[PDB]
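Pasting coords-v6.cif here (mmCIF, C-alpha atoms and all ligand atoms):
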```
data_protein
#
loop_
_atom_site.label_atom_id
_atom_site.label_comp_id
_atom_site.auth_asym_id
_atom_site.auth_seq_id
_atom_site.Cartn_x
_atom_site.Cartn_y
_atom_site.Cartn_z
CA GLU A 1 85.12 113.50 106.34
CA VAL A 2 86.99 110.69 104.59
CA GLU A 3 90.79 110.40 104.44
CA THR A 4 92.29 108.32 101.62
CA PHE A 5 95.71 106.73 102.14
CA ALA A 6 98.06 104.85 99.85
CA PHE A 7 99.23 101.44 101.01
CA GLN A 8 102.96 101.05 101.40
CA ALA A 9 104.34 99.47 98.24
CA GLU A 10 105.19 96.20 100.01
CA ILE A 11 101.68 95.87 101.47
CA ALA A 12 100.12 96.58 98.06
CA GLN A 13 102.33 93.82 96.64
CA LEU A 14 101.20 91.44 99.38
CA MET A 15 97.56 92.22 98.64
CA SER A 16 97.87 91.68 94.88
CA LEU A 17 99.68 88.38 95.45
CA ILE A 18 96.86 87.19 97.71
CA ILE A 19 94.29 88.31 95.13
CA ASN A 20 96.02 87.00 91.99
CA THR A 21 97.79 83.77 92.99
CA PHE A 22 95.92 80.58 92.16
CA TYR A 23 95.47 78.97 95.57
CA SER A 24 92.46 76.81 96.39
CA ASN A 25 92.78 76.56 100.19
CA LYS A 26 90.99 79.85 100.79
CA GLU A 27 89.21 78.75 103.99
CA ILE A 28 92.28 79.61 106.10
CA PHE A 29 91.19 83.26 106.08
CA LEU A 30 88.82 82.52 108.97
CA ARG A 31 91.52 80.91 111.12
CA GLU A 32 93.68 84.00 110.57
CA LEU A 33 90.98 86.52 111.52
CA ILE A 34 89.88 84.50 114.57
CA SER A 35 93.51 84.23 115.69
CA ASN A 36 93.87 88.01 115.35
CA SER A 37 90.71 88.42 117.44
CA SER A 38 92.12 86.03 120.06
CA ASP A 39 95.35 88.05 120.24
CA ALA A 40 93.34 91.27 120.64
CA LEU A 41 91.30 89.67 123.42
CA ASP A 42 94.52 88.50 125.10
CA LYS A 43 95.78 92.09 125.08
CA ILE A 44 92.78 93.62 126.84
CA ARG A 45 92.64 90.75 129.33
CA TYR A 46 96.29 91.26 130.28
CA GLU A 47 95.72 95.00 130.73
CA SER A 48 92.67 94.32 132.92
CA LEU A 49 94.82 92.21 135.27
CA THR A 50 96.33 95.35 136.83
CA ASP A 51 93.55 97.83 135.94
CA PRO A 52 90.01 96.41 136.07
CA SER A 53 88.63 99.74 134.79
CA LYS A 54 89.98 98.79 131.34
CA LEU A 55 86.85 96.60 131.09
CA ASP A 56 84.44 99.46 131.84
CA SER A 57 83.82 99.51 128.07
CA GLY A 58 82.72 95.86 128.19
CA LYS A 59 83.33 92.94 130.53
CA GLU A 60 82.58 90.15 128.03
CA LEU A 61 85.49 88.74 126.00
CA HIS A 62 84.12 86.84 123.01
CA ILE A 63 84.13 86.30 119.24
CA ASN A 64 81.00 86.40 117.08
CA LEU A 65 80.64 85.22 113.48
CA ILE A 66 77.69 86.92 111.77
CA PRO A 67 76.84 85.83 108.23
CA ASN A 68 74.34 87.85 106.19
CA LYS A 69 73.24 86.41 102.85
CA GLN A 70 71.27 89.51 101.83
CA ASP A 71 74.28 91.82 102.20
CA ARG A 72 76.65 88.98 101.21
CA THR A 73 78.86 89.81 104.19
CA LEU A 74 80.65 87.73 106.81
CA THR A 75 81.43 89.70 109.97
CA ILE A 76 83.98 88.69 112.62
CA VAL A 77 83.30 90.63 115.83
CA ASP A 78 85.55 90.59 118.89
CA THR A 79 85.56 92.57 122.13
CA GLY A 80 89.36 92.78 122.26
CA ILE A 81 91.57 95.77 122.90
CA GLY A 82 90.68 97.44 119.59
CA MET A 83 92.80 99.81 117.54
CA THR A 84 93.48 103.53 117.64
CA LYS A 85 93.37 105.64 114.49
CA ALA A 86 97.17 105.56 114.34
CA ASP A 87 97.02 101.77 114.70
CA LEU A 88 94.53 101.49 111.82
CA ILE A 89 96.65 103.68 109.54
CA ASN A 90 99.83 101.83 110.57
CA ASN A 91 98.70 98.60 108.88
CA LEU A 92 96.02 97.70 111.46
CA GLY A 93 98.36 97.15 114.39
CA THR A 94 100.81 94.90 112.53
CA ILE A 95 104.44 95.18 111.46
CA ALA A 96 103.25 94.47 107.93
CA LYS A 97 106.30 95.82 106.08
CA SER A 98 108.84 93.45 107.64
CA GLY A 99 106.25 90.67 107.87
CA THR A 100 105.51 90.85 104.15
CA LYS A 101 109.23 90.78 103.36
CA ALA A 102 109.71 87.56 105.35
CA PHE A 103 106.49 86.05 103.96
CA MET A 104 107.51 86.60 100.34
CA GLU A 105 110.97 85.12 100.88
CA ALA A 106 109.28 82.05 102.36
CA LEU A 107 106.92 81.71 99.39
CA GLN A 108 109.80 81.62 96.91
CA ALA A 109 111.52 79.14 99.27
CA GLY A 110 108.70 76.56 99.35
CA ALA A 111 106.09 78.03 101.71
CA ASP A 112 102.45 78.51 100.73
CA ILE A 113 99.81 81.13 101.50
CA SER A 114 98.31 79.17 104.43
CA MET A 115 101.48 80.04 106.39
CA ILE A 116 100.71 83.78 106.25
CA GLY A 117 99.84 83.96 109.96
CA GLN A 118 103.39 83.01 110.97
CA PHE A 119 104.58 86.35 109.54
CA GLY A 120 102.07 88.59 111.32
CA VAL A 121 100.12 89.69 108.24
CA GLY A 122 97.27 87.19 108.44
CA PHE A 123 94.63 89.92 108.26
CA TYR A 124 95.29 90.38 104.55
CA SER A 125 94.22 86.79 103.84
CA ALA A 126 90.71 88.27 104.07
CA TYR A 127 91.18 89.24 100.41
CA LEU A 128 91.18 85.56 99.47
CA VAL A 129 87.37 85.67 99.72
CA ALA A 130 86.45 89.36 100.00
CA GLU A 131 86.38 92.00 97.27
CA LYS A 132 86.20 94.66 100.00
CA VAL A 133 86.96 94.67 103.73
CA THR A 134 85.59 97.11 106.30
CA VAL A 135 87.19 97.28 109.75
CA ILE A 136 85.23 99.03 112.51
CA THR A 137 87.22 99.41 115.72
CA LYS A 138 87.04 101.12 119.11
CA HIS A 139 90.00 101.43 121.47
CA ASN A 140 89.67 102.75 125.03
CA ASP A 141 92.03 105.63 124.18
CA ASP A 142 90.34 106.76 120.95
CA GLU A 143 87.02 107.14 119.14
CA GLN A 144 85.31 104.66 116.83
CA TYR A 145 86.84 104.61 113.34
CA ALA A 146 86.03 102.83 110.09
CA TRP A 147 88.79 101.44 107.86
CA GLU A 148 87.93 100.30 104.34
CA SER A 149 89.73 99.01 101.26
CA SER A 150 88.86 97.25 98.01
CA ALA A 151 92.62 96.74 97.45
CA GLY A 152 93.78 98.73 94.40
CA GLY A 153 96.57 100.34 96.41
CA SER A 154 94.53 102.57 98.73
CA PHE A 155 92.39 102.52 101.86
CA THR A 156 90.15 105.05 103.58
CA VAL A 157 89.71 105.99 107.23
CA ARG A 158 86.73 107.90 108.63
CA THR A 159 85.01 108.47 111.94
CA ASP A 160 82.35 105.78 112.29
CA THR A 161 78.85 107.16 112.83
CA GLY A 162 77.36 103.66 112.95
CA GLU A 163 76.36 101.51 115.91
CA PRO A 164 78.65 102.13 118.91
CA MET A 165 80.75 99.11 119.87
CA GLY A 166 82.03 99.96 123.35
CA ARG A 167 85.35 98.23 122.72
CA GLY A 168 86.71 95.79 120.16
CA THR A 169 87.00 95.31 116.42
CA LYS A 170 84.59 94.30 113.66
CA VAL A 171 85.88 92.88 110.37
CA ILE A 172 83.21 93.00 107.66
CA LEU A 173 84.04 90.80 104.66
CA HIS A 174 82.12 91.78 101.52
CA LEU A 175 82.49 88.39 99.87
CA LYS A 176 83.29 87.69 96.24
CA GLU A 177 80.40 86.45 94.11
CA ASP A 178 81.81 82.90 93.97
CA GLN A 179 82.73 82.67 97.68
CA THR A 180 79.26 82.66 99.28
CA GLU A 181 79.88 79.18 100.73
CA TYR A 182 81.42 80.95 103.74
CA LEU A 183 77.95 82.29 104.55
CA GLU A 184 76.56 78.76 105.05
CA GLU A 185 76.28 77.55 108.63
CA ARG A 186 77.67 74.04 108.13
CA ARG A 187 80.69 75.32 106.18
CA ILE A 188 81.58 77.87 108.87
CA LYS A 189 81.18 75.28 111.64
CA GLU A 190 83.44 72.89 109.73
CA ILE A 191 86.16 75.53 109.38
CA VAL A 192 85.99 76.65 113.02
CA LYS A 193 86.19 73.06 114.28
CA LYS A 194 89.07 72.29 111.89
CA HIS A 195 91.31 75.31 112.50
CA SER A 196 90.12 77.12 115.65
CA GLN A 197 89.30 74.35 118.14
CA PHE A 198 91.80 75.64 120.74
CA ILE A 199 90.83 79.33 120.80
CA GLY A 200 90.37 80.30 124.44
CA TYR A 201 87.28 82.45 123.90
CA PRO A 202 83.65 81.59 123.08
CA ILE A 203 83.06 81.65 119.32
CA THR A 204 79.36 82.16 118.59
CA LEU A 205 78.12 81.51 115.05
CA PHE A 206 74.98 83.57 114.49
CA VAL A 207 72.15 82.05 112.46
CA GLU A 208 69.83 83.85 110.05
CA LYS A 209 66.07 83.94 109.54
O1 LIG B 301 90.59 92.45 116.30
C1 LIG B 301 91.69 91.81 115.66
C2 LIG B 301 92.10 92.51 114.39
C3 LIG B 301 91.15 92.98 113.48
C4 LIG B 301 91.53 93.63 112.32
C5 LIG B 301 92.86 93.83 112.06
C6 LIG B 301 93.83 93.39 112.94
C7 LIG B 301 93.45 92.75 114.11
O2 LIG B 301 94.42 92.30 114.98
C8 LIG B 301 95.52 93.20 115.38
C9 LIG B 301 96.54 92.39 116.14
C10 LIG B 301 95.92 91.98 117.45
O3 LIG B 301 95.60 93.12 118.26
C11 LIG B 301 95.68 94.36 117.56
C12 LIG B 301 94.93 94.29 116.25
#
```

Please lay out the structure from this file as structure tokens.
Ligand SMILES: OCc1ccccc1OC1CCOCC1
Amino acid sequence: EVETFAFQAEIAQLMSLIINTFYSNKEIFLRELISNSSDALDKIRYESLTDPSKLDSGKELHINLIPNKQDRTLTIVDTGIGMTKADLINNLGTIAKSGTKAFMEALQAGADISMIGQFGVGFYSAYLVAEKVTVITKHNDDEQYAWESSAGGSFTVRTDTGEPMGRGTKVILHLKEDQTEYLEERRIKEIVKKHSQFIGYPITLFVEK
């Protein structure tokens, strides 16, 4: 059973600006997703400080980068707090409406797209390199759900029947045809070292056969 939702008009405008603006520094998408993962890991760690049972769904707190050249997907996995269904529908746990409004006023006032993370809507930078984004998430207080959007003003939410995650979030980037460089090991390592050297969680870059 698949539910189709319309993006709020401001979020649809943010997504089309990310997709249509000529802007060569696309690699910052990975810094933004890793930083989101770090924030999600910070949240579950803080909750575990007064309730250790919050980690019954998984004691390890990490970030995995899984490239797959056959599927042409880059997957960012974290074992953070995850998102409920309401969180997914409500712009994936962000205040995206007010964040987009501030971001667009900054762009007309000199800012560039690399600054998107300062306005709390860094997730949507995924559409700099992805034609379609799938978000699989599991929160302790809800079931596993799958969020998906190819932009175009709508997204879908369904119960995920795939591989159980325990707890955390999985961002699957179905990359554009001309953006497969972000599946190469040395390019991913370069970006992680350049923009994510101070992330307080182990970032493991998977290799392929
Ligand atoms: O796993 C991190 C993540 C993945 C996809 C979308 C958003 C997102 O980050 C939100 C803010 C941090 O915590 C709540 C979720």

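Between residue A:192 and the residues A:158, A:138, A:62, A:31, the shortest atom-to-atom distance, using only C-alpha atoms, involves A:31.
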
Near stretch 32-41 of chain A, counting all atoms listed in the file, which residues have an atom at most 8 Å away, once you skip same-chain residues fewer than 5 positions from it, shown as a tab-separated table (two decimals) with C-alpha atoms, keeping the file's coordinate frame?
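Contents of the output file around23.tsv:
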```
chain	number	residue	atom	x	y	z
A	61	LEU	CA	85.49	88.74	126.00
A	62	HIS	CA	84.12	86.84	123.01
A	63	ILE	CA	84.13	86.30	119.24
A	76	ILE	CA	83.98	88.69	112.62
A	77	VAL	CA	83.30	90.63	115.83
A	78	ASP	CA	85.55	90.59	118.89
A	79	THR	CA	85.56	92.57	122.13
A	80	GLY	CA	89.36	92.78	122.26
A	81	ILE	CA	91.57	95.77	122.90
A	82	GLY	CA	90.68	97.44	119.59
A	117	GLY	CA	99.84	83.96	109.96
A	122	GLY	CA	97.27	87.19	108.44
A	123	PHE	CA	94.63	89.92	108.26
A	125	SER	CA	94.22	86.79	103.84
A	126	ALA	CA	90.71	88.27	104.07
A	169	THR	CA	87.00	95.31	116.42
A	196	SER	CA	90.12	77.12	115.65
A	199	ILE	CA	90.83	79.33	120.80
A	200	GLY	CA	90.37	80.30	124.44
A	201	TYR	CA	87.28	82.45	123.90
```

Name all residues at most 9 Å from stretch 103-115 of chain A (count only C-alpha atoms; drop same-chain ones fewer than 3 positions away) and give them as a PyMOL selection string. chain A and resi 14+18+23+25-26+28-29+98-100+118-122+125

Taking all atoms of stretch 133-142 of chain A that the file lists and extending 8 Å past them on each side, where is the centre of the axis-aligned box and how long are its edges? Answer in Å to one decimal, as lines of an AutoDock Vina configuration file.
```
center_x = 88.6
center_y = 100.7
center_z = 114.4
size_x = 22.8
size_y = 28.1
size_z = 37.3
```

For residue A:4, list every protein, DNA or RNA residue within 8 Å, evaluated using all atoms listed in the file, and leave out those in the same chain fewer than 2 positions away; present the list as number ranges by chain. A: 2, 6, 154-157

Take the residues from that selection and write them out as an mmCIF file, keeping the file's coordinate frame, keeping C-alpha atoms.
```cif
data_model
loop_
_atom_site.group_PDB
_atom_site.id
_atom_site.type_symbol
_atom_site.label_atom_id
_atom_site.label_comp_id
_atom_site.auth_asym_id
_atom_site.auth_seq_id
_atom_site.Cartn_x
_atom_site.Cartn_y
_atom_site.Cartn_z
ATOM 1 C CA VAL A 2 86.990 110.690 104.590
ATOM 2 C CA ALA A 6 98.060 104.850 99.850
ATOM 3 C CA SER A 154 94.530 102.570 98.730
ATOM 4 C CA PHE A 155 92.390 102.520 101.860
ATOM 5 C CA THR A 156 90.150 105.050 103.580
ATOM 6 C CA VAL A 157 89.710 105.990 107.230
#
```

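Using all atoms listed in the file, the shortest contact distance between residue A:3 and any of A:174, A:132, A:193, A:85 is found at A:85.
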
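Nearest residue to ligand LIG 301 (chain B), choosing from A:171, A:183, A:133, A:207 and counting only C-alpha atoms and all ligand atoms: A:171.
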
Distance cut-off 12 Å, centre (79.0, 86.4, 94.2) in file coordinates, counting all atoms listed in the file: which residues qualify? Return them as a compact mmCIF listing (two decimals) with C-alpha atoms, in the coordinates of the input.
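This went into selection.txt:
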```txt
# COMPACT_ATOMS: atom_id res chain seq x y z
CA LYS A 69 73.24 86.41 102.85
CA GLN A 70 71.27 89.51 101.83
CA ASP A 71 74.28 91.82 102.20
CA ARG A 72 76.65 88.98 101.21
CA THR A 73 78.86 89.81 104.19
CA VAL A 129 87.37 85.67 99.72
CA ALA A 130 86.45 89.36 100.00
CA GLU A 131 86.38 92.00 97.27
CA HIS A 174 82.12 91.78 101.52
CA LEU A 175 82.49 88.39 99.87
CA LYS A 176 83.29 87.69 96.24
CA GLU A 177 80.40 86.45 94.11
CA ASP A 178 81.81 82.90 93.97
CA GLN A 179 82.73 82.67 97.68
CA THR A 180 79.26 82.66 99.28
CA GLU A 181 79.88 79.18 100.73
CA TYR A 182 81.42 80.95 103.74
CA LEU A 183 77.95 82.29 104.55
```

Atom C3 of ligand LIG 301 (chain B) and atom CA of residue A:50, how far apart in Å? 24.0 Å

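Taking atom CA of residue A:153 and atom CA of residue A:141 as the two end points, the separation is 28.6 Å.
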
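From atom CA of residue A:102 back to atom CA of residue A:8, the distance works out to 15.6 Å.
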
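The nearest approach to residue A:150 among the residues A:92, A:173, A:136, A:191, with only C-alpha atoms taken into account, belongs to A:173.
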
Give me the residues within 12 Å of residue A:142 as a PDB file with C-alpha atoms, in the frame of the given file, counting only C-alpha atoms and dropping any in the same chain fewer than 4 places off.
```
ATOM      1  CA  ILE A  81      91.570  95.770 122.900  1.00  0.00           C
ATOM      2  CA  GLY A  82      90.680  97.440 119.590  1.00  0.00           C
ATOM      3  CA  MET A  83      92.800  99.810 117.540  1.00  0.00           C
ATOM      4  CA  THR A  84      93.480 103.530 117.640  1.00  0.00           C
ATOM      5  CA  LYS A  85      93.370 105.640 114.490  1.00  0.00           C
ATOM      6  CA  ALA A  86      97.170 105.560 114.340  1.00  0.00           C
ATOM      7  CA  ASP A  87      97.020 101.770 114.700  1.00  0.00           C
ATOM      8  CA  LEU A  88      94.530 101.490 111.820  1.00  0.00           C
ATOM      9  CA  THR A 137      87.220  99.410 115.720  1.00  0.00           C
ATOM     10  CA  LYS A 138      87.040 101.120 119.110  1.00  0.00           C
ATOM     11  CA  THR A 159      85.010 108.470 111.940  1.00  0.00           C
ATOM     12  CA  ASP A 160      82.350 105.780 112.290  1.00  0.00           C
ATOM     13  CA  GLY A 166      82.030  99.960 123.350  1.00  0.00           C
ATOM     14  CA  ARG A 167      85.350  98.230 122.720  1.00  0.00           C
ATOM     15  CA  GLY A 168      86.710  95.790 120.160  1.00  0.00           C
TER      16      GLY A 168
END
```

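The shell of residues at most 7 Å from residue A:134, with all atoms listed in the file counted and near chain neighbours (fewer than 6 positions) removed, consists of residues 146, 147, 148, 149, 171, 172 and 173 of chain A.
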
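Take the candidates A:203, A:44, A:151, A:165 and check each one against ligand LIG 301 (chain B) using only C-alpha atoms and all ligand atoms; the shortest distance goes to A:44.
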
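Distance annotation: of A:42, A:1, A:27, A:184, the residue with the minimal separation from ligand LIG 301 (chain B) is A:42; atom set is all atoms listed in the file.
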